[PDB]
2 protein chains.
Amino acid sequence: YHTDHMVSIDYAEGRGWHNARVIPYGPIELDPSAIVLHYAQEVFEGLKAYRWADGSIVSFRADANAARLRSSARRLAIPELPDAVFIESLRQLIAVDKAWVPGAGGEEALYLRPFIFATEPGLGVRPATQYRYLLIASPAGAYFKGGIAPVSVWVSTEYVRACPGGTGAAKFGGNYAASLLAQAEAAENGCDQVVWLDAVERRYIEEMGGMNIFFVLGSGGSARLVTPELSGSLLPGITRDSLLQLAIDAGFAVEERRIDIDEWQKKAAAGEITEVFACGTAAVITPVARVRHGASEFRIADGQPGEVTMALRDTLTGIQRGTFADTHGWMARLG
Amino acid sequence: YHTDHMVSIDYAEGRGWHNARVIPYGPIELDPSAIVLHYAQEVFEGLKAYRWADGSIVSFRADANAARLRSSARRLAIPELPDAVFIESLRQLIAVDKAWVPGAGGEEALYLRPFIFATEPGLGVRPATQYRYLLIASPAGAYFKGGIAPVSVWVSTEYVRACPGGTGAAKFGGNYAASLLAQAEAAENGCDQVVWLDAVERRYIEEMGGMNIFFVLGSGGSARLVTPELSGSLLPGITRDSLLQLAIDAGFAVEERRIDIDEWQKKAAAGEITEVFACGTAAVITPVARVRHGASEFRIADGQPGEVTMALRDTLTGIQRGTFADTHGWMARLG
Ligand SMILES: Cc1ncc(COP(=O)(O)O)c(CN)c1O
Ligand SMILES: Cc1ncc(COP(=O)(O)O)c(CN)c1O
């Protein structure tokens, strides 16, 4: 379900990033020895364009995505795409394909996929000197259920997604490749998603396969938010950073610290952990109802979406839809 | 430097691996949303075709490569290419491109690159249901120096290539992507290669960026071989397994165990480690002369190729060239 067009930009070592153009969406060509096809030298991003009540098309923290694509590129030995070029590509695609952006203002938006891959031929294991950047778009958010249906999660004990010193803080295809097998063991146990544990001690909660994770401890004015601190092997999600800000705004104490599977299980059983949710671009916030850790399955509270979870989701979606004021300057005009 | 042709085989879920064909080497097409370009779902192999004095074209342990491509595929949630299909692809390419196989019998051979990548379009993070296998060839081994010029190695202390529970025992593009940055820090220190350390304790020797590593302890009839045991995060190299066999054949004691950087440095200084070499398909055996670990640089013996190193290399290359008998049935006719 792609849109009509795509943006293409080439990299060559003498020229840097050049030949930026908008062209029809269609097949691309690679030499059989193109580095991406052998040594996976690639990085990507994910963000949305939203249609507002007034007809404008907006982005949410697109500057953060621009900068994160550069951070990912750096870790993967890929020449950085300048932020201004990243942002301009978004505007260029929206200019031609804006009719594809869904109506205001519910769960529906246009998902934008900026991505870079090594195109240089040659089987030597080294950073490429030729790359391509593409920007493609896909409508998203239909049949969402208000984004509020709780999920069950499988704790991966046999597989490890990334490790300290590795590529887990980069949005890099290889992290996702590594996760595919565990994702199947999750389904076989009837689970919707996988929670990943740290590589060194195999205990500390990292993130889900495509989302960060938050815990709510206590309730009322006493309610606290805790999320795994940036370990160097989990993704610094933009939704995650936004929700830390909104929690501060709302007067909740927040903690970025290490939290292990034992604490989670123990504190959920004792009722100290009152809610758990996952967060990310696509779903915004997804409540977590139940957890399978080895043989044992445990429920979070009554398995229903939590009050803090749903309050934070209301606020963030409202800002993104232009129905709440944008205190932090997250929203920008794309078209 | 590719040859004239390539073998192509497609995978589709209803059909399995099908439409095997030999076609000219040339650009291939992918949908912009092809899974390989986003989530790096790919695995590969590397082996050689050798021309013998009698005009025959042979492979060395190609059955092991066939089986390893399946092991890698399994870990990456890719449908296995049957061994018979793998082997037949080699014969099919050699049938048309045998003129490309260099002369007998020195360092020169034809490098074969079998590889699989996910082609299914769609941005969902899941295993593809459509793949392509390609087999391409490149002449190799010219200007080798007899393969005996010693290298210097940089011990990666800041970067980690793979970890337990991960993809390090699979020949998977993402492992190589992860290693690119450290490879640059190596050059900046004037080093030829990188030695990788274990993810959990950051001490145990794993392998080089494209080769396994052996240590020779003692000399004469007393000489011992030690190599890192299969940790689950280093590649079970076929050259490595072959050299364990040849050492047994030659009457050397061999150890597959854990060995850390401290032991290496200490025992090399004390003269207990008399030789170090790296091994792999391309170079066979490469002597290691010097090691940079942080600020410190240390030499292995007199920095010259060791006697065990060169004896093992003589034997293995001889078998591969048909000048020594093939006790273990490693050699097979390709053409
Ligand atoms: C592994 C991983 N973790 C977390 C996230 C959440 O990131 P963000 O909030 O920026 O969408 C994503 C989605 N990019 C992800 O793929
Ligand atoms: C990371 C790594 N380790 C070791 C090896 C050696 O493997 P082999 O002997 O099978 O060539 C290779 C080359 N495949 C490699 O890429």
# chains A, B, ... in the order shown; residues from 1 in each chain; ligands from 1
>>> interface_residues(of="chain B", to="chain A", cutoff="8 Å", atoms="only C-alpha atoms", output="MDAnalysis selection string")
chainID B and resid 1 25:32 36:44 75:77 115 117 122 125:127 134 136 158:167 172:178 180:181 183 199:201
>>> write_last_selection(atoms="N, CA and C atoms", output="compact mmCIF listing (two decimals), in the first residue's frame")
# COMPACT_ATOMS: atom_id res chain seq x y z
N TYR B 1 35.05 -7.26 -10.43
CA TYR B 1 35.66 -8.37 -11.22
C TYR B 1 34.82 -9.65 -11.18
N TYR B 25 25.28 -12.22 -15.77
CA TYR B 25 25.49 -11.29 -14.67
C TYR B 25 25.03 -9.90 -15.10
N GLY B 26 24.17 -9.29 -14.29
CA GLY B 26 23.66 -7.96 -14.58
C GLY B 26 22.80 -7.48 -13.43
N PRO B 27 22.35 -6.22 -13.50
CA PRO B 27 21.57 -5.63 -12.42
C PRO B 27 20.32 -6.43 -12.15
N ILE B 28 19.88 -6.44 -10.90
CA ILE B 28 18.64 -7.09 -10.52
C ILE B 28 17.69 -6.01 -10.02
N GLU B 29 16.40 -6.34 -9.96
CA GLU B 29 15.40 -5.39 -9.50
C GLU B 29 14.76 -5.80 -8.18
N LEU B 30 14.45 -4.78 -7.38
CA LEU B 30 13.76 -4.93 -6.11
C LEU B 30 12.69 -3.86 -5.99
N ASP B 31 11.58 -4.19 -5.35
CA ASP B 31 10.60 -3.20 -4.90
C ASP B 31 11.28 -2.34 -3.84
N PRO B 32 11.02 -1.01 -3.82
CA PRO B 32 11.60 -0.17 -2.76
C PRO B 32 11.32 -0.69 -1.34
N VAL B 36 14.76 -6.96 2.49
CA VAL B 36 16.22 -6.84 2.61
C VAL B 36 16.71 -5.39 2.75
N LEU B 37 16.00 -4.45 2.14
CA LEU B 37 16.42 -3.04 2.11
C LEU B 37 16.09 -2.29 3.41
N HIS B 38 15.33 -2.93 4.30
CA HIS B 38 14.85 -2.32 5.54
C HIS B 38 15.28 -3.11 6.78
N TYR B 39 15.13 -4.44 6.72
CA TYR B 39 15.32 -5.31 7.88
C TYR B 39 16.37 -6.39 7.66
N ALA B 40 17.18 -6.23 6.61
CA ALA B 40 18.43 -6.98 6.41
C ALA B 40 18.30 -8.50 6.51
N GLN B 41 17.18 -9.03 6.02
CA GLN B 41 16.97 -10.48 6.09
C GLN B 41 17.73 -11.15 4.94
N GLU B 42 18.96 -11.55 5.25
CA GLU B 42 19.90 -12.06 4.25
C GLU B 42 20.97 -12.92 4.90
N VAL B 43 21.44 -13.91 4.16
CA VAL B 43 22.57 -14.75 4.60
C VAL B 43 23.41 -15.10 3.38
N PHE B 44 24.66 -15.47 3.61
CA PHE B 44 25.57 -15.73 2.49
C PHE B 44 26.64 -16.75 2.84
N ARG B 75 18.60 -19.46 11.44
CA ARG B 75 18.73 -18.43 12.47
C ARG B 75 18.09 -17.11 12.04
N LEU B 76 18.08 -16.84 10.73
CA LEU B 76 17.51 -15.61 10.18
C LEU B 76 16.08 -15.77 9.67
N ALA B 77 15.44 -16.88 10.02
CA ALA B 77 14.04 -17.16 9.66
C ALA B 77 13.83 -17.19 8.13
N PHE B 115 24.38 -16.48 -2.07
CA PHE B 115 23.71 -15.56 -1.15
C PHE B 115 22.21 -15.51 -1.33
N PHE B 117 18.59 -13.26 -0.19
CA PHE B 117 18.02 -12.04 0.37
C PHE B 117 16.50 -12.04 0.23
N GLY B 122 6.69 -4.81 1.41
CA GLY B 122 5.84 -4.62 2.59
C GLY B 122 6.70 -4.30 3.80
N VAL B 125 7.43 -5.85 9.97
CA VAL B 125 8.61 -6.57 10.47
C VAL B 125 8.22 -8.02 10.75
N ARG B 126 8.58 -8.90 9.81
CA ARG B 126 8.25 -10.32 9.87
C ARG B 126 9.13 -11.05 8.86
N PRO B 127 9.26 -12.38 8.98
CA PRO B 127 10.02 -13.09 7.94
C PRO B 127 9.33 -12.96 6.57
N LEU B 134 21.12 -15.94 -5.25
CA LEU B 134 22.03 -15.75 -6.36
C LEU B 134 23.37 -16.41 -6.07
N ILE B 136 27.24 -15.87 -7.59
CA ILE B 136 28.13 -15.07 -8.43
C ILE B 136 29.58 -15.48 -8.17
N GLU B 158 36.06 -1.23 22.23
CA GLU B 158 34.88 -0.36 22.29
C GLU B 158 33.67 -0.94 21.55
N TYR B 159 33.92 -1.83 20.58
CA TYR B 159 32.84 -2.37 19.77
C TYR B 159 32.69 -3.87 19.94
N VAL B 160 31.45 -4.30 19.78
CA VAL B 160 31.10 -5.71 19.90
C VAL B 160 30.31 -6.10 18.65
N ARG B 161 30.74 -7.21 18.06
CA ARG B 161 30.28 -7.66 16.78
C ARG B 161 29.01 -8.53 16.84
N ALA B 162 28.93 -9.36 17.87
CA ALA B 162 27.83 -10.28 18.06
C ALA B 162 27.84 -10.68 19.52
N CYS B 163 26.76 -11.32 19.97
CA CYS B 163 26.67 -11.75 21.36
C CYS B 163 25.91 -13.06 21.49
N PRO B 164 26.10 -13.78 22.62
CA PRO B 164 25.33 -14.98 22.90
C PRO B 164 23.84 -14.73 22.77
N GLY B 165 23.14 -15.66 22.13
CA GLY B 165 21.72 -15.50 21.87
C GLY B 165 21.47 -14.77 20.56
N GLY B 166 22.55 -14.25 19.97
CA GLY B 166 22.49 -13.47 18.74
C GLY B 166 22.75 -14.24 17.46
N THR B 167 23.34 -13.56 16.48
CA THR B 167 23.47 -14.07 15.13
C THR B 167 24.92 -14.36 14.72
N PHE B 172 25.79 -13.94 8.37
CA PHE B 172 24.66 -13.04 8.19
C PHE B 172 25.18 -11.62 8.06
N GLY B 173 24.70 -10.92 7.02
CA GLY B 173 25.22 -9.60 6.66
C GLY B 173 25.32 -8.63 7.82
N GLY B 174 24.32 -8.65 8.70
CA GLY B 174 24.28 -7.76 9.86
C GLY B 174 25.50 -7.82 10.78
N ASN B 175 26.11 -9.00 10.92
CA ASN B 175 27.34 -9.13 11.73
C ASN B 175 28.47 -8.28 11.14
N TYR B 176 28.50 -8.23 9.81
CA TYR B 176 29.54 -7.51 9.08
C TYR B 176 29.29 -6.01 9.10
N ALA B 177 28.03 -5.62 8.93
CA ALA B 177 27.60 -4.23 9.10
C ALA B 177 28.07 -3.66 10.45
N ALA B 178 27.80 -4.40 11.52
CA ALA B 178 28.20 -4.03 12.89
C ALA B 178 29.70 -3.81 13.10
N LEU B 180 31.98 -2.60 10.77
CA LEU B 180 32.60 -1.62 9.87
C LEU B 180 33.34 -0.49 10.58
N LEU B 181 32.72 0.05 11.62
CA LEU B 181 33.30 1.17 12.36
C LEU B 181 34.63 0.82 13.03
N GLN B 183 36.72 -1.43 12.15
CA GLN B 183 37.64 -1.69 11.05
C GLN B 183 38.40 -0.41 10.66
N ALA B 199 30.98 -10.59 24.10
CA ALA B 199 30.06 -9.52 24.49
C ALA B 199 29.83 -9.39 26.00
N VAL B 200 29.85 -10.52 26.70
CA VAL B 200 29.44 -10.56 28.11
C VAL B 200 30.55 -10.07 29.05
N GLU B 201 31.76 -10.59 28.86
CA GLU B 201 32.89 -10.26 29.75
C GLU B 201 33.96 -9.40 29.11
>>> residues_near_ligand(ligand="ligand 1", cutoff="9 Å", atoms="only C-alpha atoms and all ligand atoms", output="ChimeraX atom specification")
/A:44-47,64-65,68,168-172,175-176,206-213,234-242,278-284
>>> residues_around(residues="residue 145 in chain B", least_positions_apart="5", cutoff="12 Å", atoms="only C-alpha atoms", output="list in words")
residues 106, 107, 108, 150, 283 and 286 of chain B
>>> residues_around(residues="range 296-307 of chain B", least_positions_apart="4", cutoff="6 Å", atoms="only C-alpha atoms", output="list in words")
residues 274, 275, 287, 289, 290, 291 and 292 of chain B
>>> residues_around(residues="residue 227 in chain B", least_positions_apart="4", cutoff="7 Å", atoms="only C-alpha atoms", output="mmCIF file with N, CA, C and O atoms, in the first residue's frame")
data_model
loop_
_atom_site.group_PDB
_atom_site.id
_atom_site.type_symbol
_atom_site.label_atom_id
_atom_site.label_comp_id
_atom_site.auth_asym_id
_atom_site.auth_seq_id
_atom_site.Cartn_x
_atom_site.Cartn_y
_atom_site.Cartn_z
ATOM 1 N N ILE B 213 40.767 -17.600 14.485
ATOM 2 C CA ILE B 213 42.110 -17.385 15.042
ATOM 3 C C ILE B 213 42.621 -18.635 15.768
ATOM 4 O O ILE B 213 41.877 -19.297 16.521
ATOM 5 N N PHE B 214 43.881 -18.965 15.502
ATOM 6 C CA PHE B 214 44.587 -20.054 16.189
ATOM 7 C C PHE B 214 45.832 -19.559 16.936
ATOM 8 O O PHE B 214 46.495 -18.627 16.495
ATOM 9 N N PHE B 215 46.139 -20.205 18.055
ATOM 10 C CA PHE B 215 47.388 -19.984 18.785
ATOM 11 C C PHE B 215 48.200 -21.260 18.798
ATOM 12 O O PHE B 215 47.648 -22.357 18.919
ATOM 13 N N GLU B 255 43.212 -27.926 21.266
ATOM 14 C CA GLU B 255 42.282 -27.506 22.308
ATOM 15 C C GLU B 255 41.307 -26.496 21.728
ATOM 16 O O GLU B 255 41.724 -25.490 21.161
ATOM 17 N N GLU B 256 40.017 -26.776 21.858
ATOM 18 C CA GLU B 256 38.996 -25.763 21.652
ATOM 19 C C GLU B 256 38.540 -25.356 23.037
ATOM 20 O O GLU B 256 37.864 -26.120 23.736
ATOM 21 N N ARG B 257 38.957 -24.168 23.449
ATOM 22 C CA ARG B 257 38.617 -23.667 24.767
ATOM 23 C C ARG B 257 38.503 -22.160 24.708
ATOM 24 O O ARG B 257 38.767 -21.544 23.672
#
>>> residues_around(residues="residue 319 in chain B", least_positions_apart="4", cutoff="12 Å", atoms="only C-alpha atoms", output="PyMOL selection string")
chain B and resi 50+52+58-61+105+242-243+246+284+312-315+323-332
>>> write_last_selection(atoms="C-alpha atoms", output="compact mmCIF listing (two decimals), in the first residue's frame")
# COMPACT_ATOMS: atom_id res chain seq x y z
CA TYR B 50 40.11 -24.60 -7.93
CA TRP B 52 43.74 -28.82 -11.00
CA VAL B 58 37.10 -28.95 -7.92
CA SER B 59 35.48 -27.68 -4.72
CA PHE B 60 36.79 -27.92 -1.12
CA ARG B 61 34.16 -29.07 1.43
CA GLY B 105 48.35 -24.59 -8.89
CA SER B 242 39.77 -28.58 8.59
CA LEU B 243 42.85 -27.36 10.48
CA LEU B 246 45.02 -31.71 9.98
CA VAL B 284 43.74 -20.01 3.88
CA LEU B 312 49.59 -26.58 8.27
CA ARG B 313 49.23 -24.11 5.38
CA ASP B 314 51.46 -26.29 3.17
CA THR B 315 49.32 -29.35 3.92
CA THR B 323 49.24 -32.45 -4.67
CA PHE B 324 48.51 -34.21 -1.38
CA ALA B 325 46.08 -37.11 -0.92
CA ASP B 326 42.57 -36.21 0.30
CA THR B 327 42.23 -38.54 3.32
CA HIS B 328 38.98 -37.01 4.54
CA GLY B 329 37.11 -36.75 1.22
CA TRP B 330 37.04 -32.94 1.19
CA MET B 331 37.56 -32.50 -2.54
CA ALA B 332 34.77 -32.92 -5.15
>>> atom_distance(atom1="CA of residue 132 in chain A", atom2="CA of residue 20 in chain A")
10.1 Å
>>> select_by_dssp(residues="range 269-312 of chain A", states="alpha helix (DSSP H)", output="PyMOL selection string")
chain A and resi 269+307-312
>>> write_last_selection(atoms="N, CA, C and O atoms", output="mmCIF file, in the first residue's frame")
data_model
loop_
_atom_site.group_PDB
_atom_site.id
_atom_site.type_symbol
_atom_site.label_atom_id
_atom_site.label_comp_id
_atom_site.auth_asym_id
_atom_site.auth_seq_id
_atom_site.Cartn_x
_atom_site.Cartn_y
_atom_site.Cartn_z
ATOM 1 N N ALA A 269 2.644 -8.602 40.560
ATOM 2 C CA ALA A 269 1.918 -9.500 41.466
ATOM 3 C C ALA A 269 1.481 -8.778 42.747
ATOM 4 O O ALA A 269 0.357 -8.963 43.205
ATOM 5 N N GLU A 307 -5.152 4.001 33.634
ATOM 6 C CA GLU A 307 -5.574 5.411 33.599
ATOM 7 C C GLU A 307 -4.454 6.376 33.160
ATOM 8 O O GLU A 307 -4.704 7.254 32.338
ATOM 9 N N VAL A 308 -3.234 6.194 33.675
ATOM 10 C CA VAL A 308 -2.077 7.006 33.247
ATOM 11 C C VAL A 308 -1.754 6.771 31.762
ATOM 12 O O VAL A 308 -1.535 7.726 31.003
ATOM 13 N N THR A 309 -1.712 5.494 31.377
ATOM 14 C CA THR A 309 -1.524 5.057 29.994
ATOM 15 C C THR A 309 -2.446 5.826 29.040
ATOM 16 O O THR A 309 -1.989 6.399 28.046
ATOM 17 N N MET A 310 -3.735 5.845 29.379
ATOM 18 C CA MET A 310 -4.731 6.426 28.497
ATOM 19 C C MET A 310 -4.740 7.952 28.526
ATOM 20 O O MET A 310 -5.005 8.577 27.502
ATOM 21 N N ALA A 311 -4.412 8.535 29.683
ATOM 22 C CA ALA A 311 -4.255 9.985 29.833
ATOM 23 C C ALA A 311 -3.088 10.515 28.983
ATOM 24 O O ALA A 311 -3.242 11.484 28.232
ATOM 25 N N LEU A 312 -1.926 9.870 29.099
ATOM 26 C CA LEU A 312 -0.765 10.234 28.289
ATOM 27 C C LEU A 312 -1.056 10.090 26.797
ATOM 28 O O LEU A 312 -0.657 10.935 26.012
#
>>> residues_around(residues="residue 139 in chain B", least_positions_apart="5", cutoff="9 Å", atoms="only C-alpha atoms", output="ChimeraX atom specification")
/B:1-3,100-102,108-112
